[PDB]
Amino acid sequence: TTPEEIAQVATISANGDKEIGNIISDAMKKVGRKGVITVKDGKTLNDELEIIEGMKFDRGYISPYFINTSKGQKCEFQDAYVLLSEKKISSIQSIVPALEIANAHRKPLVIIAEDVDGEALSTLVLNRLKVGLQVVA
Amino acid sequence: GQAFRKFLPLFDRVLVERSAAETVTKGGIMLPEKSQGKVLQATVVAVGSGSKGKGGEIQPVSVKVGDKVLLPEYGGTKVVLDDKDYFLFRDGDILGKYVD
Amino acid sequence: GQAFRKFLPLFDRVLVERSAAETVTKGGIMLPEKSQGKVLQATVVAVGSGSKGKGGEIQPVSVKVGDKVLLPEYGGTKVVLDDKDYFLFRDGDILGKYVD
Amino acid sequence: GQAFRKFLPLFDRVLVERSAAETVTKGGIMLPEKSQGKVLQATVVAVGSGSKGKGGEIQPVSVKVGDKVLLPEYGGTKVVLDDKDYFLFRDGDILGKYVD
Ligand SMILES: [Mg+2]
């Protein structure tokens, strides 16, 4: 009934290591008692706990030209429209109205799709590098 | 037959200039030039004297110079006049003229 | 010939618009749009002047504007007038018309 | 031409209805429906106005409505009138009529 008991159980089960017990108790405080906790190796001498909130998935860019924050080489928008496609966006006609909405409302657009082919990529990169449209695929 | 830039096509042959390909949509989205295809809207800049399908008189070309017309996909010949592109079609190959 | 939306077809070409594809049956079952195919029913919105089958006079088109016709499966040209799709056929390619 | 079910074919096109395929022999042996094929015997239910094979006058169609005819195995177009199947042929495609 207490997180101190959680820390005590994790400390006893880790051969009396109170740092492992404390870090498991902190992870279980943050993501919940029935949450997801994954162990992996570290490149640093000390153990560390990283909390990933929201919906983070391991898919990067499609075009490197979409970077609008050169400090971390990343794409950064706030209050952005999201266009989700179950199929790979291929035709130009399938991407022109979404860009028209995103430009008429003056709001960024994140296009999450199965893939984006060369024509739609060329339209997106041209509208980013020529007129300055806030888009990312 | 009408001659355009020292060029007069023979028989029922119509020389047209294709309209400029679109690059910016109505909402402000710029379009890539490579995915624009060929423009099917043209304007007639030269006409021939026509053909002899009926014996005796000569048949004038249905279109005239200064008419906007709709082109088919295939059937044109590229003519380079003063390093500018024009397209030669037949009189019967023209689909229809925009009237106003 | 009679023009439609500032477009007059040339010779014996006929511009029609396809009828709306069915989406719900008489029993009340909704249809998927990808299995609809191509609508063979149309109405004539523009006619041309016609061709010259014989010497002298010019032959008018058999159909007129406002006639419902049955189209063949193939033999039409897609014409985009103000971002709406119309189809250009020949006069002889029309299978028949519905009289009333 | 003579219309049928609000359908009048154009030019020298003949709309016919195929006869019912046989399912029982003269002795009493029933036939499977999947091996019947297409019936080459039909009856004329609609005729066109004919074709302009010669200049001036219009040529009537050789067959009239109510003639039993023999169809070639290729050359017909399927037409769905009142959810019933009919076939369009040319006037010259008809092989011969059964006279009585
Ligand atoms: Mg243990």
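Think of each number as a place in line: the chain as shown, counted from 1.
Heads up, header says this was done by electron microscopy, 3.0 Å.
Quick reminder: no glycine exception, Cβ is built from N, Cα and C everywhere.
Database features, via Swiss-Prot:
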MOD_RES   A:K29  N6-succinyllysine
MOD_RES   A:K40  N6-acetyllysine
MOD_RES   A:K40  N6-succinyllysine
MOD_RES   A:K43  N6-succinyllysine
MOD_RES   A:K56  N6-acetyllysine
MOD_RES   A:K56  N6-succinyllysine
MOD_RES   A:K74  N6-acetyllysine
MOD_RES   A:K87  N6-acetyllysine
MOD_RES   A:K88  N6-succinyllysine
MOD_RES   A:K88  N6-acetyllysine
MOD_RES   A:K107  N6-acetyllysine
MOD_RES   A:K130  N6-acetyllysine
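All features noted in Swiss-Prot, drawn onto the structure.
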{"residue": "A:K29", "record": "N6-succinyllysine", "DSSP class": "helix"}
{"residue": "A:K40", "record": "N6-acetyllysine", "DSSP class": "coil"}
{"residue": "A:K56", "record": "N6-acetyllysine", "DSSP class": "coil"}
{"residue": "A:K74", "record": "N6-acetyllysine", "DSSP class": "strand"}
{"residue": "A:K87", "record": "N6-acetyllysine", "DSSP class": "coil"}
{"residue": "A:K107", "record": "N6-acetyllysine", "DSSP class": "coil"}
{"residue": "A:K130", "record": "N6-acetyllysine", "DSSP class": "helix"}
For the modified residues A:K56, A:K107, A:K130, which Cβ has the most other Cβ atoms within 10 Å, all shown protein chains included?
A:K107
Between A:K88 (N6-succinyllysine) and A:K107 (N6-acetyllysine), how many Å separate their Cα atoms?
23
At a CB cut-off of under 8 A, do any of the modified residues A:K29, A:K40, A:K43, A:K87, A:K107 come close to chain B? List them or say none.
none
Out of A:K29, A:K40, A:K56, A:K74, A:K87, the modified residues in the record, which is closest to A:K130 (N6-acetyllysine) when you go by Cα distance?
A:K74
Sequence gap of 6 or more, Cβ distance under 8 Å: name the residues on the same chain that satisfy this around A:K87 (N6-acetyllysine), in order along the sequence.
A:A113, A:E114
Number of other Cβ atoms within 10 Å of the Cβ of A:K29 (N6-succinyllysine) across all protein chains:
13
Roughly how many angstrom lie between the C-alpha atoms of A:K29 (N6-succinyllysine) and A:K74 (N6-acetyllysine)?
30
